[PDB]
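As a starting point, one isolated chain is supplied in structure tokens, in the form deposited in one PDB entry.
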């Protein structure tokens, strides 16, 4: 049960960039896109040196984890279920002075919609701090499995989708070009190479079981992840001699203002 790399990365990126944004607000309404567990939300709020006396809003699509935090993240700092790929509830358009979107580790289908939503959810002279993934071997892992002669036929009807910036050259400029066109006045995108090591394959298997894009039966789910773990060895994502797994991935840190 480790979501640690998301938590570690959310943390290091937040701390590194805290000094770079200006709050200069008497009241303040802050939104956190892809909250999941409130572990990050709870440290964000404490690390934010501003008033935000109420309406620290946060959303996720998985509604079990959201409610699980509604019980734990506590009151007088709102929780919600929401998708940023869905059409915007106009009620909260331009409601938030600060938006946080740390990477989800679920493949996103439509980016510019999500970016346009981040643009529409932000008030004026309001800041956005987003991180997302340019290269992530976990995505490459499942994609390969989707293309094994065993599974290729049965997962054909599942949509791979496309990121206009994922595993492209200079994803930082691509995303900068996109965000300006969406209307963002200030933007500052940087690539950060990250490494996360799993010291037992059981920990690695639990991530893949959490992240699997595939809806196999309780019957098959074992067999599926067994074959992903095998593909992971072929890919050298797993060290077969150490029984370790190292993820080398590229993080895109977006700091922008409207």
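Residue numbers count along the first chain shown, from 1. Rigid core here is just the name for the largest C-alpha set that superposes within 1.5 Å across the two forms.
The next section is about a form of this same protein that is not shown, the form deposited in another entry.
Rigid core superposed between the shown form and the other one, residues 189, 228, 60, 30 considered: the one with a C-alpha shift of 2 Å or more is 60.
Annotation: Cα of residue 51 displaced by at least 2 Å between the shown form and the other one, core superposition. After superposing the rigid core, the C-alpha of residue 146 moves by less than 2 Å between the shown form and the other one. Here residue 105 counts as shifted, since its C-alpha moves by at least 2 Å between the shown form and the other one after the core is aligned. Cα-Cα spacing of residue 203 to residue 105 is enlarged in the other entry versus the present form (difference of at least 3 Å). The Cα-Cα distance between residue 128 and residue 106 is shortened by 3 Å or more in the other entry relative to the form shown here.
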